[PDB]
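Novice:
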DNA sequence: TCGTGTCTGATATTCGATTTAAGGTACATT
DNA sequence: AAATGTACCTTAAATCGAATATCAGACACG
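Chains as they are written, first to last, in the entry's author numbering: chain A, 1 to 38, 42 to 186; chain B, 1 to 38, 44 to 185.
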């Protein structure tokens, strides 16, 4: 019944020390904590993979701090559950053990195979070149592209369209470049 | 307590008929089944018809949304209406006992992948908090005026009407400067 | 001197979960 | 009836870094 913990960041040392301090207050010994930072340097996680034994429990601050994605996360959770090793996520109040633990691993296994079949879908038609994150980032497009394309198609010069729609001349070329690359 | 079901494919009509046949073997009426193909119109019609207490039968999880994020978004949207979803093959239900547990965990899964994208952002925010950078809204209210008037014995309602602020705002300001 | 392409850097948003400020309601009290 | 405190809940800005759009010129060439 050994207690372990894991913490992962990209760069920041402070937010890493935040997790470590949380694990230490959770009753995890200092030597029982493994960490990583960004090549794929997982050595802290790999060392945890080695040391863990049946009956051992691994404490993690949040779900996002485990895998590099949803797939990797469940892949890891399954890996520890196979060995009887339980994972408890502190802030989210979730565990792979106790009572609901099996239900936890069950639904986690469902979405895993579900998205794996979704990967099998995308792979056939093709997606990955696109790489959809799902969150909308950046300034919204306020410019009507259709008007720009139509005018230029009629032979209207670059500076004439820019003066027409009150955009920059460079903006016109960016629009023409984006739609040309699209075609 | 009406029974509904959903089936989704990309191209193949055969795999669609498989789901439909499976839904009908589960005791769903023929007019209670909605389908879509690569056009969410069938799913949108389902969103409209459903009411609190109704349950939806789906063959598998992957047959719901276009990705994991969309799926959880849908399930949350139905759970918000009290509508439940039971996946046949995966053996998972959003009602009864496990119901809260399903929504709770799927919420954590979704919020985790978003926080994964925000990793470098919210870490830089933690270093910013460390530097002492002030978060939250900036104070537009002069604290001196509020505290000076109150020192002379001006009532709370009067200061509020004076500076055109809220009454509870004055108390909160007095509380902050007293506690420190 | 002027218009056209190609290019880089500077502004401008917009995101999500969190964090403080302010507005607002509700209840009990004086 | 009116003003006074006290207790939480909604809006309302404001945060980081990354991502997307637009602006503003520079530079070379005919």
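Where a beta carbon is used, it is the ideal one built from N, C-alpha and C, also for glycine.
So is residue 140 of chain B buried or exposed if we call it buried at 16+ other beta carbons inside 10 Å?
Specialist: Exposed, by the Cβ-count rule.
Novice: In or out: residue 19 of chain A buried (at least 16 other Cβ within 10 Å) or exposed?
Specialist: Answer is buried; the Cβ neighbour count reaches 16.
Novice: Kindly list the residues whose CB is nearer than 8 Å to the CB of residue 1 of chain A, restricted to its own chain and excluding five residues on each side of it in sequence; keep chain order.
Specialist: Cβ neighbours of residue 1 of chain A beyond the five flanking positions: 58, 59 and 60.
Novice: Going by DSSP, which residues form a beta bridge with residue 7 of chain A?
Specialist: Residue 7 of chain A pairs with A/35.
Novice: By the 10 Å Cβ neighbour count, where 16 or more other Cβ atoms means buried, how is residue 134 of chain A classified, buried or exposed?
Specialist: Classification of residue 134 of chain A: exposed, given that the 10 Å Cβ count is below 16.
Novice: Under 8 Å, with one C-beta from each stretch per pair, do the stretch 11-25 of chain A and the stretch 122-132 of chain B reach the 3-pair mark?
Specialist: As far as the Cβ criterion goes, the stretch 11-25 of chain A touches the stretch 122-132 of chain B, which means the pair count is three or higher.
Novice: So which residues of chain A does residue 189 of chain B contact, with C-beta pairs closer than 7 Å?
Specialist: Residue 189 of chain B lies beyond the range of chain B shown here (1 to 185); nothing can be said about it.
Novice: Give me the Cα-Cα distance between residue 51 of chain B and residue 33 of chain B, rounded to the nearest whole angstrom.
Specialist: Cα to Cα, the separation comes out at about 9 Å.
Novice: When the Cα of residue 81 of chain A is compared with those of A/71, A/99 and A/64, which residue comes out closest?
Specialist: Of A/71, A/99 and A/64, the residue nearest in Cα terms is A/99.
Novice: Is the distance from the Cβ of residue 90 of chain B to the Cβ of residue 110 of chain A below 8 Å?
Specialist: No, Cβ-Cβ distance for residue 90 of chain B and residue 110 of chain A is not below 8 Å.
Novice: For residue 85 of chain B, report the span of its alpha helix (DSSP H) as first-last.
Specialist: Residue 85 of chain B -> alpha helix (DSSP H) spans 73-85.
Novice: List, in chain order, every chain B residue whose beta-carbon is nearer than 7 Å to that of residue 95 of chain A.
Specialist: Those are 113, listed as they occur along chain B.
Novice: List the residues that DSSP assigns as beta-bridge partners of residue 60 of chain A.
Specialist: Residue 60 of chain A pairs with A/3 and A/89.
Novice: Can you check whether the C-beta of residue 131 of chain B is within less than 8 Å of a C-beta belonging to chain A?
Specialist: With 8 Å as the cut-off, residue 131 of chain B counts as an interface residue toward chain A.
Novice: I need the DSSP call for residue 18 of chain A, collapsed to helix, strand or coil.
Specialist: Helix, per DSSP.
Novice: Rounded to whole angstroms, how far is the Cβ of residue 78 of chain A from the Cβ of residue 70 of chain A, which I believe are closer than 8 Å?
Specialist: Residue 78 of chain A to residue 70 of chain A, Cβ: 7 Å. Contact.
Novice: Just the C-alpha distance for residue 160 of chain B and residue 97 of chain A, rounded to the nearest angstrom, thanks.
Specialist: Roughly 50 Å between the two C-alpha positions.
Novice: Give the interface partners of residue 72 of chain B over in chain A, defined as CB-CB distance under 8 Å, in chain order.
Specialist: Correct list: 118, 121, 135 and 137.
Novice: Answer with buried or exposed for residue 65 of chain B, where buried requires no fewer than 16 other C-beta atoms within 10 angstroms of its C-beta.
Specialist: It counts as buried.
Novice: According to DSSP, simplified to helix, strand and coil, what is residue 122 of chain B?
Specialist: Helix.
Novice: Within the same chain, show all residues whose beta-carbon is closer than 7 Å to that of residue 170 of chain B, passing over the 5 residues directly before and after it, in chain order.
Specialist: So the qualifying residues of the chain are 146.
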